[PDB]
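Taking it in order: structure first as structure tokens, then the write-up.
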Amino acid sequence: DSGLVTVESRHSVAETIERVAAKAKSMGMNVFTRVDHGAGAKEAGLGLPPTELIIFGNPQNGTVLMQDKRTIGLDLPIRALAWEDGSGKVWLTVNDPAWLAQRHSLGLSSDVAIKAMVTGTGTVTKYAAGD
Amino acid sequence: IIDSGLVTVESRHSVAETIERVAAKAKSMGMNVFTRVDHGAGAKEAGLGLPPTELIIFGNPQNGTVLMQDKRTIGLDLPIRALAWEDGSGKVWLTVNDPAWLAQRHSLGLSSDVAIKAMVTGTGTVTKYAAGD
Amino acid sequence: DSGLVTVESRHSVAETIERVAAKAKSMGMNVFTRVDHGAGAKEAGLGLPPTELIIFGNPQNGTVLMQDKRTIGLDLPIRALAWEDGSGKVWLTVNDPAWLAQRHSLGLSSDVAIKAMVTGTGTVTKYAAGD
Amino acid sequence: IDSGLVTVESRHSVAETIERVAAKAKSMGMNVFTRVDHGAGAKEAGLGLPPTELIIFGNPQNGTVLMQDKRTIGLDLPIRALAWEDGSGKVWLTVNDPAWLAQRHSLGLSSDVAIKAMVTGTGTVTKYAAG
Ligand SMILES: [F-]
Ligand SMILES: [F-]
């Protein structure tokens, strides 16, 4: 399994990302940065449809994860990719937190924090992609 | 130290200097530095303990765009990420993704082989310089 | 004579910043970062209503200004501040580019770039603050 | 009258001067918000500009106090510093005079301590970075 969770969005790429930020902030998560992959492609002289990455998370929860296995800090804070395919359909892609826990071999001390990350990712993803 | 696409080497420098060496070597190769995330500082703002731990995000947009033209989902795992972190015994480690592992995860095709090899070269060169002396 | 331009916004602080970003990108400007002053006050245990800064600009235009007087790079890229007052009213505050031209003693070689910055700041502000 | 710009010569390259700003600032408990490579934006624009980099950093607790007095100073916060190399190879570090910013936004007497802290923070960081 890849651990990639991709859902269709009812909004454009820009609006989907702003819905991720708005919902993450309202649940007390910080927004760290946004990486406009589409704009980077345009400056390289290459073609790419709208593609944006947003990085967000709750450092309280992420710290407990890293206290168990520090290498998960490579994959934190939470990342979400909104992108438009060639047909004009918009998708929203995130990591399955349980898959991330398996990747870094997290233990029982991370259990509550993983479920918090599962709930946070699901709530933000469902809100941002739905109406 | 390799497991599940994670590559970890020991660094001869502090966490801060290791991240500075990542940024310097990447910029000298024409790559851009996108952001830095101080996980250690975030732990302190939360009132929790954590040794120095810092993430840096960098890469070459020309190479990354070619990968995303193949499978867009790899844009979730780009730009390149590196984590410098100090353990309890005072040792400093540098952890990066194996680019060939990230290519499998997103099922990249033959048309990405040149760009994947370039990503492997950039990752290995930055990591060797940052952790070495 | 502060060189501050402040107009009422028809949108919330978050929505006003989103409209700044969307309008800037559609005009070929890059978005460099966003600073959530209000969230920074909350992390410090202090009170502050919604307050957000966004930094954006066109490097082609900004480079011309810095080729003239490099110190203007301290005040570039373009900055915009959306903020809510105690009554709930939202404001959008930007620098007058002509005032920025005076602060750094720009010359005739920057005239086209200053006009472009005046046009860019004016177009982004009216769109974001207007409905 | 005045410009409010303080420029000192640095003994280090542009990149090293900026990294020394970040290192000193973070050691004092300030956050680093972003860096803007003006020189890279010039090369991407196809224009010639020597190395030029901006860094944005500050103490959000001290910034919040100032913004509680006059919110518009949030347009000019967090603290900004510009390292740049001239045509002869000399590197300069340019910052805002915090007292000049207090004048610009008409800060009152209640901000005087917070203004002094910004003066101390700016001077301490700049002396280390350029010296
Ligand atoms: F601009
Ligand atoms: F500050």
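Read-outs: derived from the displayed coordinates by stated rules, not from any lab. Cβ sites come from the backbone with ideal geometry, for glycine too, and all protein chains shown count toward neighbours.
Just checking, does segment D:99-113 include any residue being touching a residue at least 60 places away in the same chain (Cβ under 8 Å) and crowded, with 17+ Cβ neighbours inside 10 Å? Looking for residues that are touching a residue at least 60 places away in the same chain (Cβ under 8 Å) and crowded, with 17+ Cβ neighbours inside 10 Å, one finds at least one in segment D:99-113, hence yes.
Taking the stated definitions as given, is C:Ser105 closer than 30 Å to D:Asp69 by Cβ and away from ligand 1 (no atom under 14 Å from the Cβ)?
yes
If you go through segment D:59-83 and keep only what is touching a strand residue (DSSP E or B) at 6+ places or on another chain (Cβ under 8 Å) and assigned to a helix (DSSP H, G or I), you end up with D:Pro60, D:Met67, D:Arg71, D:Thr72, D:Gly74, D:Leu75. Within segment C:115-131, residues that are within 14 Å of chain D (Cβ to nearest Cβ) sit with their Cβ atoms under 8 Å from residues that are near ligand 1 (Cβ under 10 Å from one of its atoms), at 6+ positions apart or across chains, in these pairs: C:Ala116/C:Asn58; C:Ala116/C:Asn61; C:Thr121/C:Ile78; C:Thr121/C:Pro97. Looking across segment C:59-87, the residues that are over 17 Å from the mean Cα position of the chain (by Cα), more than 7 Å from chain D (Cβ to nearest Cβ) and within 16 Å of ligand 1 (Cβ to nearest atom) come down to C:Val64, C:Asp68, C:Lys69.
Each residue in segment C:23-64 was checked for being within 16 Å of ligand 2 (Cβ to nearest atom), acidic (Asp, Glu) and within 18 Å of C:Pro77 (Cα to Cα), and 1 of them qualify. Once segment A:8-23 is narrowed to residues that are basic (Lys, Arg) and surrounded by fewer than 21 Cβ atoms within 10 Å (Cβ to Cβ), the residue that is farthest from the chain's Cα centre (by Cα) is A:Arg10. Close Cβ contacts (under 6 Å, 6 or more residues apart or on different chains) running from residues in segment C:1-14 that are touching a residue at least 60 places away in the same chain (Cβ under 8 Å) to residues that are aromatic (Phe, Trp, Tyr) and in a strand (DSSP E or B) comprise C:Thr6/C:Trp91. Within segment B:10-20, one or more residues are in a strand (DSSP E or B) and either more than 8 Å from chain A (Cβ to nearest Cβ) or more than 21 Å from A:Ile78 (Cβ to Cβ) (or both).
Give the residue that is surrounded by the most Cβ atoms within 10 Å (Cβ to Cβ), with candidates limited to residues of segment D:59-87 that are more than 20 Å from B:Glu45 (Cβ to Cβ) and of a type in the set (S, T, N, Q). Spell out how you get there, then give the answer.
So the first thing to find is which residues in segment D:59-87 are more than 20 Å from B:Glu45 (Cβ to Cβ), and the list is D:66, D:68-76, D:80-87.
Subsequent filtering for residues that are of a type in the set (S, T, N, Q) retains D:68, D:72.
On the way: D:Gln68: 17, D:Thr72: 19.
Across segment D:59-87, the extreme among qualifying residues is D:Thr72.
Give the residue that is surrounded by the fewest Cβ atoms within 10 Å (Cβ to Cβ), with candidates limited to residues of segment D:24-58 that are within 9 Å of chain C (Cβ to nearest Cβ) and in a loop (DSSP other than H, G, I, E, B). Filtering first and then ranking leaves D:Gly46.
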